[PDB]
Structures are given as structure tokens and as C-alpha cells.
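Observations on the model geometry
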Amino acid sequence: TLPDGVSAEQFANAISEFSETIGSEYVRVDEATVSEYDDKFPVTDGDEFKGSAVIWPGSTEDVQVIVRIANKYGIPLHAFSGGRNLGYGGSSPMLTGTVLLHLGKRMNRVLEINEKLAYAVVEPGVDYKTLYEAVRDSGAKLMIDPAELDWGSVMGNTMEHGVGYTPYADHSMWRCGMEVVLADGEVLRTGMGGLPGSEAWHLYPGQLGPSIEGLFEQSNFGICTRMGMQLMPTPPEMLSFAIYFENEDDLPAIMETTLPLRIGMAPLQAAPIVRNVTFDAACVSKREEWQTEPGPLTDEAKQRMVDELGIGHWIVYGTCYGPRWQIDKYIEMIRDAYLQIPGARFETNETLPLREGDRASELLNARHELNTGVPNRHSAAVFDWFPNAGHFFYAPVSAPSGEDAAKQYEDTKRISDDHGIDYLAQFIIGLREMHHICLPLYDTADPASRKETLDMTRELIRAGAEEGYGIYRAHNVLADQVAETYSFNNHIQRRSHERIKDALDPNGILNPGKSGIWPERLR
Amino acid sequence: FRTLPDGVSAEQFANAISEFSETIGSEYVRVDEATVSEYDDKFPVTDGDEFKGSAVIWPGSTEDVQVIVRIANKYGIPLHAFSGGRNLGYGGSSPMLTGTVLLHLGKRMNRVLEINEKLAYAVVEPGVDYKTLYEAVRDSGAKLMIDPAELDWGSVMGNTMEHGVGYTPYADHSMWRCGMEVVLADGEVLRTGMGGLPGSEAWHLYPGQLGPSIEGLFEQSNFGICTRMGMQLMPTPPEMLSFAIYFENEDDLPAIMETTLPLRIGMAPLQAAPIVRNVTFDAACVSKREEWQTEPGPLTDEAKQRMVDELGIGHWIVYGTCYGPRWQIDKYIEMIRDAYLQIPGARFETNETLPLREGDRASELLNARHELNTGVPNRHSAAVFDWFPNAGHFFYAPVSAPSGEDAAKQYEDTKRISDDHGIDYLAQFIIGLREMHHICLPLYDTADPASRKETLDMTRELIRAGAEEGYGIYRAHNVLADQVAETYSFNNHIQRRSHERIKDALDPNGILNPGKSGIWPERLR
Ligand SMILES: *Cc1cc2c(cc1C)nc1c(=O)[nH]c(=O)nc-1n2C[C@H](O)[C@H](O)[C@H](O)COP(=O)(O)OP(=O)(O)OC[C@H]1O[C@@H](n2cnc3c(N)ncnc32)[C@H](O)[C@@H]1O
Ligand SMILES: *Cc1cc2c(cc1C)nc1c(=O)[nH]c(=O)nc-1n2C[C@H](O)[C@H](O)[C@H](O)COP(=O)(O)OP(=O)(O)OC[C@H]1O[C@@H](n2cnc3c(N)ncnc32)[C@H](O)[C@@H]1O
Ligand SMILES: C/C=C/c1ccc(O)c(OC)c1
Ligand SMILES: C/C=C/c1ccc(O)c(OC)c1
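Residues numbered from 1 in each chain as written, not as in the entry; some residues may be left out. Chains lettered and ligands numbered in written order. Heavy atoms only, no water.

Under the PDB entry, chain B has the name FAD-binding oxidoreductase and belongs to Gulosibacter chungangensis. For this structure, the PDB header gives the title as "4-ethylphenol oxidase from Gulosibacter chungangensis: isoeugenol complex". On record in UniProt, under Cofactor (unreviewed entry), the comment for chain B is "FAD". (UniProt positions renumbered as here; feature names shortened; annotations may be inferred.)

Looking at the PDB entry, one finds chain A named FAD-binding oxidoreductase, with Gulosibacter chungangensis as its source organism. Looking at chain A in UniProt, the text filed under Cofactor (unreviewed entry) is "FAD".

**Considerations on the overall build of chain A**
Helix and strand counts for chain A come out as 15 helices and 20 strands. Whereas a compact globule of 523 residues would reach a radius of gyration of roughly 24 Å, chain A reaches 23 Å, a difference of no more than 12%. In chain A, which comprises 523 residues, the proportion classed as buried is 66%. The contacts of chain A with a sequence gap of at least 6 include a subset with a gap of at least 24, amounting to 72%. Of the roughly 18,400 Å² of accessible surface on chain A, a fraction of 47% belongs to carbon and sulfur atoms. Here chain A holds 46 positive side-chain charges and 77 negative ones, and the gap between their average locations is 4 Å. (Helix = DSSP H or I, 4+ residues; strand = E, 2+ residues; numbered from the N terminus. Rg over C-alpha atoms; globule rule 2.2 N^0.38 Å. Buried < 20%, exposed > 50% of the residue type's maximum accessible area, 1.4 Å probe, protein only. Contact = heavy atoms within 4.5 Å. Areas by Shrake-Rupley, 256 points an atom, 1.4 Å probe, with all protein chains shown as cover. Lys, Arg positive; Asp, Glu negative; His and termini not counted. Charge placed at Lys NZ, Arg CZ, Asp CG, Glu CD.)

**Some words on the nonpolar core**
Core analysis: the largest hydrophobic core is formed by 157 residues, its most contacted members being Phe241, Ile243, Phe245, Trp314 and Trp385 of chain A together with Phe218 of chain B. With 126 residues, the next largest nonpolar core counts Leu208 of chain A together with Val384, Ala407 and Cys440 of chain B among its residues. (Core = buried A, V, L, I, M, F, W, Y, C linked by side-chain atoms within 4.5 Å.)

**Examining the interface of chain A and chain B**
The partner chain B presents 84 residues to the 83 residues of chain A that form the contact. Taken together, both faces of the contact between chain A and chain B bury some 6,900 Å²; the carbon and sulfur share is 66%. Among the residues chain A hides against chain B, the three largest losses belong to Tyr204, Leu208 and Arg432 of chain A. Together they make up 13% of the total. With a closest N to O distance of 3.5 Å, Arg499 of chain A and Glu188 of chain B form a salt bridge. At the boundary of chain A and chain B, one finds 29 residue pairs in polar contact. (Buried area = accessible area lost by both parts, 1.4 Å probe. Salt bridge = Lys/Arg side-chain N within 4 Å of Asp/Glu carboxyl O. Polar contact = N/O pair within 3.5 Å; in protein donor to acceptor, adjacent residues only side chain to side chain.)

**Considerations on the site of ligand 3**
Residues and elements named next belong to chain A. With respect to spatial proximity, the complete set of residues near ligand 3 consists of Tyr88, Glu148, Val163, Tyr165, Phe279, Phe393, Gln426, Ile428, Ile437, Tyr472 and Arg473. Between ligand 3 and the protein, one listed contact pairs an oxygen atom with a side-chain N or O atom of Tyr472 at 2.2 Å. Coverage of ligand 3 by the protein amounts to 90% of the 340 Å² it exposes when considered alone. The class makeup of the residues in the shell around ligand 3 is eight nonpolar, one polar and two charged. (Near = heavy atom within 4 Å. Nonpolar A, V, L, I, M, F, W, Y, C, P; charged D, E, K, R; others polar.)

**Considerations on the domain arrangement of chain B**
Residues and elements named next belong to chain B. Partitioning chain B into structural domains gives domain 1 (1–110), domain 2 (111–237), domain 3 (238–474) and domain 4 (475–525). Once you take the C-alpha centre of each, domain 3 and domain 4 turn out to be 32 Å apart. Contacts between domain 3 and domain 4 engage 12 residues on the former and nine residues on the latter. Together domain 3 and domain 4 conceal approximately 970 Å² of surface at their shared face, both sides included; 59% is due to carbon and sulfur atoms. At the junction of domain 3 and domain 4, the tally comes to zero salt bridges. (Domains from an automatic or database assignment.)

**Points about the side chain of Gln481 of chain A**
Note on placement: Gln481 of chain A falls in helix α14 (residues 479–485). In contact with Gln481 of chain A, not counting residues within four places along its chain, are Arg458, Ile461 and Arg462 of chain A.

**Some remarks on the site of ligand 2**
Residues and elements named next belong to chain B. Around ligand 2 sit 35 residues, and of these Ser83, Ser155, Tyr167, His393 and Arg475 come closest. Note that an oxygen atom of ligand 2 is positioned 3.1 Å from one of the backbone N or O atoms of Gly85. A distance of 2.7 Å separates an oxygen atom of ligand 2 from a polar atom in the backbone of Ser155. When isolated, ligand 2 has an accessible area of 970 Å², and the protein chains bury 94% of it.

**Focus on the UniProt feature "domain: FAD-binding PCMH-type" (unreviewed entry) in chain B**
UniProt records the feature "domain: FAD-binding PCMH-type" (unreviewed entry) for residues 49–236 of chain B in the present numbering. Between the end C-alpha atoms of residues 49–236 of chain B the distance is 48 Å, and the span holds 18% helix and 23% strand.

**Overview of the environment of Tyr170 of chain B**
The residue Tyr170 of chain B is located in the loop between α5 (156–160) and α6 (173–176) in this model. For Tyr170 of chain B and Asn373 of chain B, which are 203 residues apart along the polypeptide, the C-alpha to C-alpha distance reads 9.7 Å. For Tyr170 of chain B, the contacting residues outside a window of four places in its chain are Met265 and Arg432 of chain A together with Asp147, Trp176, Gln232, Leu233, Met234 and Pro235 of chain B. Of note is the side chain of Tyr170 of chain B, whose polar atom sits 3.0 Å from the side chain of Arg432 of chain A.

**A closer look at the pattern of salt bridges**
Scanning all chains against the criterion turns up 68 salt bridges over all chains. A salt bridge links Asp502 of chain A to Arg523 of chain A, with the nearest nitrogen and oxygen atoms 3.6 Å apart. Note that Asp502 of chain A is positioned in helix α15 (residues 488–504) and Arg523 of chain A in the segment after α15, a separation of 21 residues in sequence. In this structure, a network of salt bridges that share partners links the residues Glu486, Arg496, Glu500, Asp504 and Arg525 of chain B.

This is how it looks when you write it as C-alpha cells:
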């Protein structure tokens, strides 16, 4: 494949210059190597979102040279740390023929772990597993904040405004100090890193004038080669809980209970999750175990998952932190509040410890593990729900309100049911905001499921925008439709993003079209 | 006209004033010396025309702001917009360039637009100050508390945009900002984050949207004019109990810092950043200089010792506050007490152990901190203006790695430097979580040209020495902007040059407050 407006000789000359600056063993055009950077969870069938080549730079100097050669020959680039952005297009570029930079392959060192000041400095390739292991080996009484899959890049996940499940869940809030290669090949150090000799680079997200660290999120402005991540100091004790609710109709009550227990950062010291039974089922069992006809999951089938697994139609997971006096008081208030809802049931990772054959204990231990800074790949089990199960995220943000959540659930199961797509649901109250994660399970190998999933997600996006719900994160194929819903004053936001894009990337080199931000030369 | 922007003639300027008058109303466009002089830096450190606006305009709406900005583009007239214009120690309401037209949004755009108890936020216009917002919250009956700076006349919005801070767990004002309406440099209205989505109720809930957040860009910059801003408000805990800890040697500073860091980094038991004040700071809030020293040179060792002994405080005082149920406060207060009381000569009081008494100045100082730390705005710190006749300040505020070895270094160096120039040195350390602000608050004679030159030379002193040791200023007076911006020298000032690329993209005519934070529009470079 080949980037539109670039000839094979123009492309060949860039490749030969990439090969003499980095070494041809690190510049890959062989189909086998480039195939692996295609979207693992596609929802399209042709030559959309296909890389032409992938480069494995080994240093910040390497990245600078590649970027300079890309400007010289006007070759679009797409840089990433892990390339495992499943649900959002993985490692696939926005434009066909884009040259891909997998930084994580070689630039993958944990550079610093600082116990006294409780932060680490990581390169793109450090994933949750490696950092977890590097802290544990250092002896530092610090914990990480991982996402559900331990192969995620600590840096890359940050770049997407990605979140974990401890009090440090908002990764963008705790990143501090980036080394960024700007679109013209120059190195920038954000914050106090701009000051020779300063030890505050990973301490204070500030400097004279405005911070631009936030500019490098879900954006195409720069390539990050090093990043500081602030780490929660390990408390004396941690206790996880599960709360089981009997009824689909309990969803509003669960939200209305949660907001006043979360907003004051106590007794819910971390954002608790609310997932429907289908989500939990899929992490410990296969679909065929519960139904058999290929249609929408019936009420009879869902009911079997609740009874057999001994869980609820909705399940709340959370964790309390500190010494026991605090945990007991906090656990008592959480237990006390939620059990107002008739039929609710409350367990702890002590009352429901991990026992062999007990599935409800296995998926509590999974949440306890993530919530106490231990990464695992337990959610990967959803990929076996059926053969070739993959996902395609609809993730709107709304105010935390009982029947604000009920209509999103009630409208989302309708629209997924109309397309015969399985609907896995996870709600999160951050503090004042509510994330709805619709996690659809569709057959990645069957084009019928691909189109059914795209048409469905495009309908949910009209449905969300119509009800005042905005998507905060979107797959490559959804970028333009979602960008377009932020419509105030003739898309003044997209046009603001675009002025910044043209200021930092005058030549339109970095992953054109990311988040609906198109360079000047592509309008 | 009292002054003129460089490159604009008296008639070119007069023609621009007529259009402002035509579109906003002449009663809201003022060039008279009596009115504009009102808006000169109250704490100047220069003697001439430097930083003197030509006129002041009082817009009454966003739509008025837009019109003013479009006119300024047509006529090529630089603007400097502010909310309350009371940014004392940083240039007050003065602009970077002489002859700049000032926009005082707060005189008429001063409504509290909403108080939401369920979701614990309020929405304010530029004119709303801490006292106003507190009174509006209290009248609402919402169990919410604000986070003020020292002086209640400070603007909620204006302070946030200077990256300013209070003293509750909601101390980081820029953190709890959520949802701005901004007039851009071409007169076009932007709504940040979820404000972009018609119908969204999350505009002041989630500081996010598809793609980059740009709220961060309107901080210590000249890219836009904010007409409306959401500020998330801490829900009121069940109880709050403030404390002061008196330290006997001014050598106790390194021990105070080392004790504090493991108490603060985990957000407990120090639930908010305590401050570490020197004795001269606390004296100035409850007394005048000549009550301890008549001789006008640097404060001698006995003058400080007299302050320590008569007021019944320490050479260093720590002030903090615990929040939550009575069972939580009791556990936290005692970790804090036991940790600090291990410093020999230390004494601990709470606002129950040392309640407000008339004449008990120690009890007044603690009551003032107890008020700020529980969200009750006051002017108690305004007393420093009376330390002597015409006493004003001029901030040196570096940020460093929280280290007792750093704090002593910064204190000893700033003292030796301020003593060389005969300027009083009020010192306050605040330990954020993983970072330490050093606030150097000098007190100089704002009406004396000799003192202004001493203070400016002293601060240029201190910026060179901070830069020498790797201590960077995060906030500086107009007259300090270029020197401070130059300290961020990594890769031939890639930070400054990045600032300017964004400046030129959002302000192609270079209208908005040129030179703010070293960010010069292309046309002046
Ligand atoms: C299938 C799935 C996915 C998932 C999840 C559960 C399941 C079952 N749970 C998640 C969760 O709890 N939280 C979360 O944030 N994401 C979750 N996901 C999605 C996904 O697995 C993770 O987000 C994953 O960590 C993302 O992959 P990775 O970490 O490898 O990120 P990347 O692909 O390398 O980067 C993503 C994009 O960011 C920009 N980027 C990344 N690095 C750079 C650098 N160095 N410079 C510039 N830009 C960079 C690019 O836009 C890149 O494409
Ligand atoms: C003398 C003094 C000062 C002081 C202090 C103690 C003393 C004794 N303690 C402070 C503290 O604890 N925390 C803090 O943040 N500041 C403290 N100061 C300094 C000062 O008193 C306050 O910061 C004060 O709140 C600032 O003044 P104000 O609130 O009136 O802000 P402003 O002049 O309107 O704005 C300052 C600058 O911000 C930009 N700005 C402001 N509003 C806008 C709008 N609407 N649009 C665009 N930009 C805006 C401008 O650059 C303006 O100059
Ligand atoms: C099961 C949760 C998936 C997920 C995907 C994207 C996200 O941003 C996210 O935040 C918790 C979660
Ligand atoms: C006495 C405090 C002065 C001060 C000045 C500017 C600041 O940003 C500040 O932060 C606590 C404090």
C-alpha cells in the first residue's frame, strides 16, 4: 500500500534514507512484519487503515532523524509506544500508506524509580507488567495504576487519556514531565525539564506561562520518547468488595447511591465500577455455556448467568485503602448504603477469597488485583466468549444520574439487540462525571459482524449526541463522526485543534486526521 | 491621551476609541487620567511610563468582549484583559506594554451564574471574588466550601488563570477549574471540553472531550479572554480542626521539611499542604516594623527574637488543617503532633487549645489560617501593607524538590541577598505533595524610587541564584517576564518558541497583552 499523493520512487527514497540513518534491520517493508501492525479488531474490510512500513527506533536521536526524513519527503507518520490500543484501532494509522513508528520494541527501559518522591520515569515500551516488576524488585513501597490488560504501555495509555482503578486512576493527572520530539524533529522538555539542572521535571506540572503536556493527548502534535509517572505510596492495608444486585432495574438506584459516597473522595476512595452480568460472565465462561442460538442474548440466558455464577444483574466493585480503622469505618458505610436496595448482597475478598472452581471469587480477585496495583490479563478471557471475539468501544461521558444511566443502558441494549451484538456494560463515577463503556463483542473474522458493529456504533453516536452525551475516546473509523458532534459555534473546537496542529506540524506529517484534527494540506 | 501604544499615532488611537464608544457606549470607555491612573501597578518597581495603560473599557457581556477584540484587530491596538485586576506582587492591573488598552471584565461581568450542590460546583463571571462567592454559597444553604487565596478581593476566575493556589485540599485552583467560555483573539467564542457538545450537562463535570484539552493554554498566557468559568467546590466535611506548630531555632527548617514530606506525599495525615512561615511574616499580619526596630536597615537578630518572645510564637510556624469525622481528625492530629514534637523546643496548639481571644495575637494569627483552611475568606494578611508606610511586595516564587537541604539553602541565600539590598524578607514554604514552593515576599517602600531600584536589583539577584541551583519560578511580575522565560533555556528556548507558535496561530495580529510570560507576537520579535 502507499500514502495518497506519494509516488513509489518518492516513497523508496525516504525508505532508503530511513535505512541509512537507523539501519535496514530496523526499517521493515516485508508484508509479514507490517501485517502485525494492522488493526487486530478491524470493523472495515478493505485497504482502510493499513501501514506501508514500520520502524523500530532505539533512541530520541533516531526519532528526530525519522521525523526529519518524513518532513523532507512529506510521508505521513504514526508513532505509538505499545501498539495495543484494542477497541480504538490498536496500532493502525488514520491514513493508508502511513509509516508506523513502534517505539516500544527497543526503547523500553524503566529509567528511574524514586522512592522518597514516589514517581518513576519510563520509555514507551515499559508496560504495566514490567513497571510492576521493576518497582517490586526496587523494594520501593509504591504501587502502579494499571488498566485491565497488563500489556498496555504506561506512556501510551496515558496519551489516550486512559484510566485504571486505584485512587491514581486518572493517568493523565499523574504523568509529569515528558520528553517530546516535535513535528519538525526538535526535542522539547515539558515543565521544569525546560530548566537546566532542575530536579522538579517529574515533581511539578508547571513552568512560566502555559502547560502544553495536555496538548499531547489524543492528538498528532509530537512523539513522546520519555515520560514521568507519579505513583501512589502503598498504604498499610487494602480491602476489596463486590456488591450483587438482583434486578436490571437496580441500575438507577446504584448510581444515585454512589454519587454522594464518591464526590467527597470518601468512603469511596477510588472510582467503583458497575458492570452488568454479561461483562462478568464473559471473563470466566464462554457464550455457548449459557445460550446456543446465535441471536441476541435472551432474558432467560442472562438470568442463568446470575443464578449459576452466584452474582447479580449488576455488580459493583471497589476497594478501601489505609489502616484498618479507616477501612472498617469506610467498609461499614459502603455496606450500609448499598444494602438499602432490596436483594443487594455484599462480599469482601476475605468473605469471598480466591477458591478453586469458585468463579465469583476469581473475578473478585481480578478486581482486587487491579485495584491494589497488581496487573493481570484476566479481562483477555472475554476474547474467548466466542471464536474471534473482539471489541469496538462506545464510551460516552455524562453526569452521574440514576435515569441518566438507565436511558444509556435501556437505549444501548435496544440498538445492540437490533444488530444482534452482545452488550457488555461498565459504568464508572469518577467524582462528578459518569463514564459509560459499551463493550460490544463481535466476530472480527466475519465481515457481516464488522458492518453490523459499525452501523450499530454509528447509531449509538447519533443517539448519544441527541441526548447530550459526548464520546471522550474513539476508534480511527469514528474520529470524524465524533469530532462532528462537538458542534458548538461551527466546530470552533476542531478548528482550534487545527490551528494548533498547523502551528506545531506545518507540513501535516503526524497521523493526519487523529481525533478529527486534519492538517491544512488535507482540507 | 496619557500614553500611546508604540507604532499607533494619536489620531489612529482616537479613531479606535470612537469605535469602542460607538459599539459599547462612551460611559464604558475611559481615557481620563483620574480613571485610568486607578489601574496603574499599585506596587510599581519602575519610575516612568513603563506598564501604563492608555485607557480602560468596562464590557458588560461576552458579546461586548467580542466586539472590542474585533475593533482592536482592525485598529492594531494591544489589549490586556483581567477579571478583578488586583494581581498585587505580579503587576496588579498593569500590562506588559505602555499604551495598552485594559479590559476590566469584573466591574460589570460579576454574577455568580449557578451553585450546584448535587454535583458540587459553581459557575462564575470574572467579577466574582472569594468573599462574594462565599456569601452566595452560604445564602444557597449548599454544604459546599470555596478555596480562597489570602485576600478575599481576589477574583475566583482571575486567580485560577495566574495558576494561583489556596490552602484547603482544593488548593490547586487550575485543577478544579472545569468548563471555560473564552473569547479568542479574533473575537470568536470557544466553549472548552464538553461545552462543545450541544445539550451536554458535563461542561463543568469532566475536563475532557475528544482530542487535546486546551483549558491549560489560557494559564499565564495571552491567547484568550475568559468570560465564564466553572469551579468545582469541595463538599463540606463533618468537622475541621486547624493547628499551629512553633519551632524555636530558625535552624529547625531542615528538620521541619524532612518531617513534613512523609506526612504529606500520601495525602494523609496532612490532607492539605501545610505552610512554613518565618517569624517576620507572622509579625507583619498583627504588628508594625517600628514596634521591634526603629533603625531602618536589615532586621537584626534581636528584632526577630523580640517578635518570637512577645507574640509567643516560633522562628518558624507550621499551619495546617485536618478534615473529616471526629474519629479521623483525632487520629491524624496525633500523628502530626507526635511527628513534629520530636523536634526539640517545638510546641503544638489547635484552634480549640488556642482559641481567638482579644489581644492574643498568636490566637489571631491561627484564627486567620483556620479561616482560610476551612474556606472562610478574610483580609487578615492585608495587614502586611501597614508593616511601614507604603509597604508593598514583589514576589520571588521558585519551585524545587521538597528537601530540607534545599529549604535551608533557599532561606540562607534569599536572606543574605535581601540583607545586601536592605529589603525585609517574609518567607513562606508550602509543600505540595511531591514539590515545594518557596514564596519570597519582600516588603519595600512603593513610594520611594531608591527602594524600587533596590527591590528590582534584589529580585534579578534571586532569579540568577535560583536558576544557578536549578530552582524555576512558575509566576513572575510583568517586569521579570523576559529574565524568567530565559531561565527555561533547554534547546535554545524551545519552550518560549513553542509558546510563540501557538501565540501566532491563535493571535495572528498579536493583539492580546504582548510579552506576557516572554510570549511575544511575531510582529515584535
Ligand atoms: C479490549 C479491551 C481494551 C481495554 C480494556 C479492556 C478490554 C477488554 N480496558 C481498558 C481500561 O481499563 N483502561 C484503558 O485505558 N484502556 C482499556 N482498554 C483499551 C486498551 O487496551 C488500552 O488503552 C491500552 O493500554 C492501549 O494500548 P497501548 O497502551 O499499547 O497504547 P498505544 O497503542 O501504544 O498508544 C495509543 C495512541 O496514543 C498515542 N501515542 C502513544 N504513544 C505515543 C508516543 N510515544 N508519542 C506520541 N503519541 C503516542 C498514539 O495516538 C497511539 O496510537
Ligand atoms: C500581596 C499579596 C498577594 C498575594 C498573596 C498575599 C499577599 C500579601 N497571597 C496569595 C495567595 O495565597 N495565593 C495566590 O494565588 N496569590 C496570592 N497573592 C497574589 C494576588 O493577591 C492574588 O493571586 C490575586 O487573586 C490575583 O488578582 P486577581 O484575582 O484580581 O486576578 P486578575 O488581576 O483579575 O488576573 C490576573 C491575570 O490573569 C489573567 N486573567 C485574569 N482574568 C482573565 C480573564 N477573564 N481573561 C483572560 N486572562 C485573564 C491576566 O493575565 C491577568 O493579568
Ligand atoms: C472494561 C473497560 C474498558 C475500557 C476501555 C476504555 C476506557 O477508557 C476505559 O476506562 C476505564 C475502560
Ligand atoms: C503569603 C502567600 C503569597 C503567595 C503569592 C503567590 C502565590 O501563588 C502563593 O501561593 C500560596 C502565595
